[PDB]
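Here's a solo chain for you in structure tokens, the form deposited without the ligand.
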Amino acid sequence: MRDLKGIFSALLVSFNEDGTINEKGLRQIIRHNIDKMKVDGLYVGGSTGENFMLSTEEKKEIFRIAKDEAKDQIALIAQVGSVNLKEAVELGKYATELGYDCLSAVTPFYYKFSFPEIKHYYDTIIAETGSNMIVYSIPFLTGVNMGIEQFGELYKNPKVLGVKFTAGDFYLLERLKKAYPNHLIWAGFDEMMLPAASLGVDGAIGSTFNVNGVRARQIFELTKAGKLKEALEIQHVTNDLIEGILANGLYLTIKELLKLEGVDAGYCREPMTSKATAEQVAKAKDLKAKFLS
């Protein structure tokens, strides 16, 4: 089976000014991740891809383009979670039919679902698609917080391979590895890669890897090698780029940085501000010149 460890970019999507997918531009983002960032894989349809603002047909279109463009050069994970469990099932089947290596699904949100509800939801996607699953935690956006016992119950399904941990609880992180050493863990906070890698994470799924893949791989590998002083430096420079990107607007700044690489990363999708201001464009141009040139 395909190896899911390593560096995964959470794929960003190029949109036209009217909010439609810019396929050509999406293809240039995938090619940049594979050829330049040298990621081990892509995590498609996640929050970074502006996924929760799209229709079911557009999600399928994004899955088709990413698999068509990446082919078998890298690993591919498909994020198909939704508040609509039938939608999640139908997406999961589609990505399974396309050949994605594994599914992933955000905790169902909005409503306050009980834990048994959350487990039934994972079990149903798995059962209905026949594919392996990566639980996707992102407490800051869903408000859902899972504890060690709850990961154990999800892990009773043997097709659940592990978790995309976009959480800053390093105590929980450590406990997960202690209690389920065979389950994988992908760090989801790019600004906390080093500390996460010192606790044995198996890889990382990140939005800033779209532009900072080289450094990200460097932190990861240097940490895994015990080369902590060197890793910290690169995390320091990374975190200065990250800090500028968060202050200037995450999605637009990563898109403007890609444009400066000649990738037609296009606009954001509304209700997110679709166009950068002059100030955002000048600031990206300064981030490029300081950290990515």
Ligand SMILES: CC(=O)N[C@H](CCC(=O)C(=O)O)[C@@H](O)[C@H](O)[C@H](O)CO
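We number the residues from 1 along the sequence you see. Superpose the two forms; the largest set of C-alphas matching within 1.5 Å is the rigid core.
Among other compared entries that model residues flanking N182, every one gives it coordinates, keeping it clear of the one-third cutoff. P139 is a gap in at least a third of the other entries compared, counting only those with both neighbours built.
For the pair 223-231 and 59-67, the record assigns the higher mean C-alpha temperature factor to 223-231. On average the C-alpha atoms of 142-150 have higher B-factors than those of the other stretch, with 93-101 and 142-150 being the two compared.
Per the PDB record, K178 has a higher Cα B-factor than any other of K178, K164, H120, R215. Per the PDB record, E128 has a higher Cα B-factor than any other of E87, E174, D202, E128.
In the deposited entry, the Cα temperature factor of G266 places it in the middle third of its chain's modelled residues.
The PDB entry assigns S114 a C-alpha temperature factor belonging to the lowest third of its chain's modelled residues.
In the deposited entry, the Cα temperature factor of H236 places it in the lowest third of its chain's modelled residues. Ranked by Cα temperature factor within the chain, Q280 sits in the highest third according to the deposited record.
Per the deposited record, the Cα B-factor of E50 falls in the lowest third when ranked against the other modelled residues of its chain.
Keep in mind that the form solved in complex with the ligand is not shown, yet the notes after this line are about it.
Proximity to the ligand in the deposited complex, defined as a heavy atom within 4.5 Å, singles out one entry of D123, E90, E191, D202, which is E191. With a 4.5 Å cutoff on heavy atoms, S47 counts as touching the ligand in the deposited complex. At the 4.5 Å threshold, heavy atoms of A10 reach the ligand in the deposited complex. Looking at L250, you'd find a heavy atom of it within 4.5 angstroms of the ligand in the deposited complex.
Proximity of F220 to the ligand in the deposited complex falls outside the 4.5 Å heavy atom cutoff. None of 114-122, 149-157, 81-89, 182-190 except one has non-hydrogen atoms within 4.5 angstroms of the ligand in the deposited complex; the exception is 182-190. The candidate spot formed by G41, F63 and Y100 lies out of contact with the ligand in the deposited complex, as no residue has a heavy atom within 4.5 Å of it. Counting a residue when any of its non-hydrogen atoms is within 4.5 Å of the ligand in the deposited complex, the one hit in 132-146 is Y136. The residue among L173, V144, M192, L222 whose Cα moves by 2 angstroms or more between the shown form and the other one, once the core is superposed, is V144. Compared with the form shown here, the Cα atoms of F165 and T142 move at least 3 Å farther apart in the deposited complex.
Put simply, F140 and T208 spread apart in the deposited complex: their C-alpha atoms are 3 Å or more farther than in the form shown.
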